[PDB]
Amino acid sequence: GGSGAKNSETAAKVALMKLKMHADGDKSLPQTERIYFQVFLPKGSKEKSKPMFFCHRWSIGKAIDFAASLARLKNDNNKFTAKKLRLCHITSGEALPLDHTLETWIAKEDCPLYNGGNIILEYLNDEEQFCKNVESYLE
């Protein structure tokens, strides 16, 4: 295709539905309780971030520990004496608690993370609340 790329509302809807289909999972599935999330790779050359299928009824922190297994990636989170892979906002460092669930925040008044959003995974201690700047690493 070409002709640049116009900007409109429909473009977001089509792009969203098209992305969910690419996300690691089933397209035919109802995905009524499960939502797709864009995880930012640490050193993803070809791609900066990859979509992943997650459940709304899953701990925010645990979501990472699980995704690491399903994706078959290397990371020391099961232990305690070692940095654990966790999700946090880009250019913020603020890392939500693992006891909190996605549906909880999404359903809550705040609702910081919305459907089709983006998130990055970095090695951060459980006790650690605010991590360094991720942008610095991807600079």
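Positions of Cβ are generated from backbone atoms using ideal geometry, with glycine treated the same way; all protein chains shown enter the neighbour counts. Just so you know, all these numbers are worked out from the coordinates, no wet-lab data involved.
Panel order for 90, 64, by other beta carbons found within 10 Å of each beta carbon, from fewest to most: 90, 64.
Between the Cα long axis of helix 9-22 and the first principal axis of the chain there is an angle of about 60°, rounded to the nearest 10.
For the chain, the mean residue ellipticity at 222 nm estimated from helices alone is -7000 deg cm²/dmol, where every DSSP H run of n ≥ 4 contributes -39500 (n - 2.57) and the total is divided by all residues, rounded to the nearest 500.
Magnitude of the charge dipole for region 9-137, about its Cα centre and with charges confined to Cβ atoms of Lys, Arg (+1) and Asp, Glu (-1), is about 620 debye.
Cross-link partners for residue 84 among the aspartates and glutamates, with Cα-Cα distance under 14 Å and sequence neighbours closer than 8 places in the same chain left out: 65, 76, 122, 126, 127, 128. The ranking of 69, 3 by Cβ neighbour count inside 10 Å, starting from the fewest, reads 3, 69. Computed packing ranks the peptides 80-88, 123-131 as 80-88, 123-131, most packed first, by mean other Cβ atoms within 10 Å. Taking every alpha-carbon pair under 8 Å whose residues sit at least 6 apart, the chain reaches a relative contact order of 25 percent.
Nearest 10 degrees, 0 to 90: what angle lies between the long axis of helix 60-70 and the longest principal axis of the chain (Cα atoms)? The angle comes out at about 80 degrees. With the charge dipole of the chain set up from +1 on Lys and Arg Cβ and -1 on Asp and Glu Cβ about the Cα centre, the Cα lying farthest toward the positive end among the listed residues 89, 106, 7 is that of 7.
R0 = 41 Å: FRET efficiency of residue 18 with residue 81, Cβ-based, nearest 0.05? So the FRET efficiency works out to roughly 0.45. Put the Cα centre of region 1-40 next to the Cα centre of region 102-129 and the gap is 20 Å.
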